[PDB]
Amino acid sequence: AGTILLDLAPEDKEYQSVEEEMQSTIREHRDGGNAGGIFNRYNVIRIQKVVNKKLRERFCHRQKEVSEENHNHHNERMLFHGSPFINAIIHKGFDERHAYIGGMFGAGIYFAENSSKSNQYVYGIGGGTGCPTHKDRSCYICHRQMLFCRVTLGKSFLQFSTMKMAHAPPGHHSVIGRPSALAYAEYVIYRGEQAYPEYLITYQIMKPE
């Protein structure tokens, strides 16, 4: 339950890399920016490493189970995640019982390779009502947050179109929605312990001008 957030220095290459994955994976979205807001760059305020003994225990236990079940290859990937429930994720860990039901691959926990895709879910599905303060889906004042996660993919099952499932197919540990049709790739897990909220990114979207 006890989380420790260690601040990474802007001069540390651990921090520089995380910002590089965030900034370099920004892509033009089909909604014209309705959910995330109009922007071309981020203003990264703080990058923190999330430390929780039990969450790391749950994840490492599962990683071992997935590894054994997939020829000793857990197939981990660092993907982004945006959710209005960041606080509960860093303290209580991801919970499949809070799976995005409305998803194209059903009730799973969704991650993106593109940071801009996760930014549309920072304030809820389709950006919700936006920032709690100024009710703006495009707010440039409020500090937003998202996670850059360690995700245990195991044997991924590739899909190209909407296929609703509750759990990953037999013999598989995850679903990947590939851009064929799809705008950007989306990664889906059906178990909370197959993701660890490694990095906590406090940032702002930048008003172009």
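A residue's number is simply how far along the shown sequence it sits, counting from 1.
Per the record, residue 162 and residue 163 follow each other directly, and no deposited residue is missing between them. The question of which stretch, 59 to 67 or 35 to 43, has the higher mean Cα B factor is settled in favour of 35 to 43. Between the stretches 22 to 30 and 145 to 153, it is 22 to 30 that shows the larger average CA temperature factor.
Within the listed group 74, 97, 81, 134, the record reports its top CA B-factor for 134. As recorded in the PDB entry, 104 shows the highest C-alpha B-factor of the residues 112, 104, 109, 90.
The entry lists a Cα temperature factor for residue 178 that places it in the highest third of the chain's modelled residues. Remark: residue 120 belongs to the lowest third of its chain, ranked by C-alpha B-factor as recorded. In the deposited entry, the Cα temperature factor of residue 6 sits in the bottom third of values across the chain's modelled residues.
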